[PDB]
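Letters A, B, ... mirror the listed sequences (proteins, then strands); counts begin at 1. First listed ligand is number 1; within each ligand, the first listed atom is number 1.
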Number of protein chains: 4
Amino acid sequence: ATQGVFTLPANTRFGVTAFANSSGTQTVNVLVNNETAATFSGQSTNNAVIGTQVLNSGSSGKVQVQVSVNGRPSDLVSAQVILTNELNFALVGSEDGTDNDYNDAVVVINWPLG
Amino acid sequence: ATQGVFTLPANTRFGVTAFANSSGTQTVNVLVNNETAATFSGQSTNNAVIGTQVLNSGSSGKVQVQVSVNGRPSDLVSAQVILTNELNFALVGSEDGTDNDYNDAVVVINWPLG
Amino acid sequence: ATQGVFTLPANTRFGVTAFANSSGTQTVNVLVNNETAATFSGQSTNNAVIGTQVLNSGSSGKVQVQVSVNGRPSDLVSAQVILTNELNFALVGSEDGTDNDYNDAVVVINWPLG
Amino acid sequence: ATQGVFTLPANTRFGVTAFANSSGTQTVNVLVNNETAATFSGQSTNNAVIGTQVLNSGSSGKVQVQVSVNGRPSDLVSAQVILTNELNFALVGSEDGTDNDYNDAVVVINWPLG
Ligand SMILES: *C(=O)C[C@@H]1O[C@@H](C)[C@@H](O)[C@@H](O)[C@@H]1O
Ligand SMILES: *C(=O)C[C@@H]1O[C@@H](C)[C@@H](O)[C@@H](O)[C@@H]1O
Ligand SMILES: *C(=O)C[C@@H]1O[C@@H](C)[C@@H](O)[C@@H](O)[C@@H]1O
Ligand SMILES: *C(=O)C[C@@H]1O[C@@H](C)[C@@H](O)[C@@H](O)[C@@H]1O
Ligand SMILES: [Ca+2]
Ligand SMILES: [Ca+2]
Ligand SMILES: [Ca+2]
Ligand SMILES: [Ca+2]
Ligand SMILES: [Ca+2]
Ligand SMILES: [Ca+2]
Ligand SMILES: [Ca+2]
Ligand SMILES: [Ca+2]
């Protein structure tokens with residue numbers, strides 16, 4: 001199944017934050033309407049924040065997260081969860097190796113903001 | 001129901017990160033085994049990270065998030081989600097006022113790390 | 001926070017199914033735009049299906065699950081989860097007493113159908 | 001990533017229920033101890049319940065859902081959600097064709113019971 005693709009409400013501000021847990025340097029690309037809107041790159045085995053940014057979902061609402069390590073795409077897992085019919089999380093994990101911890105880059109998208 | 005209480009695997013490192021979206025100054029207490037382990041505070045209407053830390057869940061695994069603003073406990077919402085039977089998110093939103101956006105302090109707990 | 005309220009897409013067929021795990025007889029009311037659209041009643045301590053139905057989310061998309069035992073509202077817990085940006089679950093648990101198992105009536109809403 | 005595999009608490013009763021939404025007849029296999037513990041079969045495009053059962057999660061607690069249509073494995077998507085730290089849902093969708101609706105068989109596992 002496709003993973004890391006989410007339809008946000010259109011024209012809505014959202015936060016995106018990435019954490020790293022791997023010996024490999026992680027590159028996280030965030031696309032809005034198929035166009036790169038943010039890129040974070042960092043390395044940590046202690047869950048450091050390698051980037052955080054406020055974006056806007058634009059006219060289409062389409063948001064896609066991609067993760068790669070030294071140019072190789074990581075395998076993604078994702079889901080969206082909504083609490084009290086209001087608070088939204090779009091969640092991504094990724095695996096760059098063999099251990100299937102799926103935390104090598106962890107990406108959290110949250111909305112609404114403000 | 002009770003919200004913001006999670007049973008993590010015991011003796012396991014986890015990340016905890018808080019974001020703010022409110023005119024009010026948020027005070028976020030993170031309790032492990034019923035004792036305060038971290039306190040994040042700050043103010044933002046733009047989803048700023050007001051704290052991020054690595055903690056150990058200890059012998060009980062019990063982690064609780066509490067949020068105060070204006071000297072009163074915010075109303076909390078929460079859930080835990082597990083992806084590919086490996087990657088865990090414990091999610092918290094909170095409401096300090098009347099608009100029920102539930103984003104005034106947003107807390108993300110993630111594990112495993114490393 | 002309000003629980004058991006979900007915004008579905010307008011005019012969309014959805015499934016609703018309820019299970020019982022309590023000595024109390026469970027009554028599950030499903031409202032679509034604030035009007036009762038289905039009602040299930042039954043008693044089981046073994047997860048029996050007390051009702052399943054297909055409904056239409058109608059013009060508003062607003063679907064509300066209420067659970068009561070002989071007219072007394074149970075405490076509710078709920079969330080929505082979306083898998084691969086397409087498959088939606090709206091989940092409800094409920095507690096009619098003191099033990100906090102939250103399974104006394106369990107309600108699953110799923111869409112799309114077909 | 002692997003989908004449809006969940007760690008339940010060991011030696012614990014759980015409910016498993018499947019719904020069908022496809023022209024193809026769905027075959028849902030539920031494994032405990034890596035061995036088939038239940039199989040549900042049926043055909044519906046209207047979310048019919050094609051099986052519901054109570055099982056014990058066994059020695060390991062590992063429960064796996066597989067779905068096939070005329071013997072061909074469907075692609076699976078899954079996640080687990082925990083509400084109020086008590087009520088657990090393990091959720092599966094499956095895709096037998098080209099439309100990416102992932103509802104062709106929908107499987108819900110819930111625990112605890114009683
Ligand atoms: C090696 O590069 C694998 C890599 O880094 C490890 C430290 C660990 O985080 C592993 O999960 C990750 O795939
Ligand atoms: C007043 O302090 C209310 C408060 O701040 C607003 C800017 C908005 O974020 C609202 O959701 C929050 O409760
Ligand atoms: C009353 O007996 C309590 C009630 O029924 C029990 C059998 C058990 O399911 C409990 O969770 C429920 O609240
Ligand atoms: C075959 O026709 C495809 C199959 O059945 C359809 C009626 C629809 O449910 C589709 O999602 C499913 O894959
Ligand atoms: Ca890894
Ligand atoms: Ca890792
Ligand atoms: Ca608010
Ligand atoms: Ca706010
Ligand atoms: Ca109960
Ligand atoms: Ca019960
Ligand atoms: Ca399909
Ligand atoms: Ca289908």
D:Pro112 N/O/S atom closer than 3.0 Å to the Ca ion (ligand 10): no

Could you pull out the atom name of the N/O/S atom in B:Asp99 that is nearest the Ca ion (ligand 7)? OD1

Any side-chain donor-acceptor pair under 3.5 Å between D:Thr2 and B:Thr84? no

Derivation of the side chain to side chain contact (heavy atoms under 4.5 Å, CB included) call for B:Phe14 and B:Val32: CA-CA 11 Å; B:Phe14 65 96; B:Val32 175; 4.1 Å; yes

Modelled atom types, side-chain donor and acceptor of D:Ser59 and D:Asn33, under 3.5 Å: no

Taking distance alone, with N or O pairs closer than 3.5 Å, would you say C:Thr45 contacts ligand 3? no

Within the 4.0 Å heavy-atom cut-off, what C:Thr98 brings close to ligand 3 is neither

Suppose I only count heavy atoms of C:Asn21 and a 4.0 Å limit; which atoms of ligand 3 are within that range? 9 (O)

Would you say the Ca ion (ligand 10) has C:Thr45 as a near neighbour, meaning an N/O/S atom of that residue under 3.0 Å away? no

Taking the side chain from B:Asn46 and the backbone from B:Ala48, do they hold a donor-acceptor pair closer than 3.5 Å? no

I'd like to check which ligand 3 atoms, numbered from 1 as shown, lie under 4.0 Å from a non-hydrogen atom of C:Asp101. 11 (O)

Candidate pair D:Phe19 and C:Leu113, rule side chain to side chain contact (heavy atoms under 4.5 Å, CB included), full reasoning: CA-CA 10 Å; D:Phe19 307 88; C:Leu113 304 190; over 6 Å; no

Please state the angle at the Ca ion (ligand 10) spanned by OD1 of C:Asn103 and O of C:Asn21: what is it, rounded to 10 degrees? 90°

B:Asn21 vs B:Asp101, side chain to side chain contact (heavy atoms under 4.5 Å, CB included): CA-CA, chis, key distance, verdict: CA-CA 9 Å; B:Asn21 292 280; B:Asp101 61 356; 5.6 Å; no

Nearest-neighbour protein heavy atom for atom 13 (O) of ligand 3, which is reported as residue plus atom name and distance: C:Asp96 OD1, 2.6 Å

For ligand 3, find out whether one of its N or O atoms is nearer than 3.5 Å to an N or O atom of C:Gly24. no

Which of these passes side chain to side chain contact (heavy atoms under 4.5 Å, CB included) with A:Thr17: A:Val106, A:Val49, A:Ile50? A:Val49

Testing the 3.5 Å rule here: is there a donor-acceptor pair between the side chains of C:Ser94 and C:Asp104? no

Can you find a side-chain donor-acceptor pair between C:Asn100 and C:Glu95 that sits under 3.5 Å? no

What is the nearest protein non-hydrogen atom to atom 2 (O) of ligand 3, stated with its residue, atom name and distance? C:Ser23 OG, 2.9 Å

Can you tell me, to 10 degrees, how wide the angle at the Ca ion (ligand 7) is between OD1 on B:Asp101 and OE2 on B:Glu95? 130°

Hey, is there an N, O or S on C:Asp96 sitting under 3.0 Å from the Ca ion (ligand 10)? no

Taking atom types as modelled, is there a side-chain donor on B:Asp96 or B:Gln26 under 3.5 Å from an acceptor on the other? yes

Show which atoms of ligand 3 fall inside a sub-4.0 Å distance from at least one heavy-atom site of C:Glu95. 13 (O)

Nearest non-hydrogen protein atom, atom 10 (C) of ligand 3: C:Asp99 OD2, 3.2 Å

Within a radius of less than 6.0 Å around CG of C:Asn70, do more than 12 heavy atoms belonging to other residues, nucleotides or ligands occur? no

By atom name, which N, O or S atom belonging to C:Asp104 lies closest to the Ca ion (ligand 10)? OD1

Relative to the heavy atoms of D:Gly114, which atoms of ligand 3 are at a distance of less than 4.0 Å? 9 (O)

Looking at atom 4 (C) of ligand 3, what's its closest protein heavy atom, distance included? C:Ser22 OG, 3.4 Å

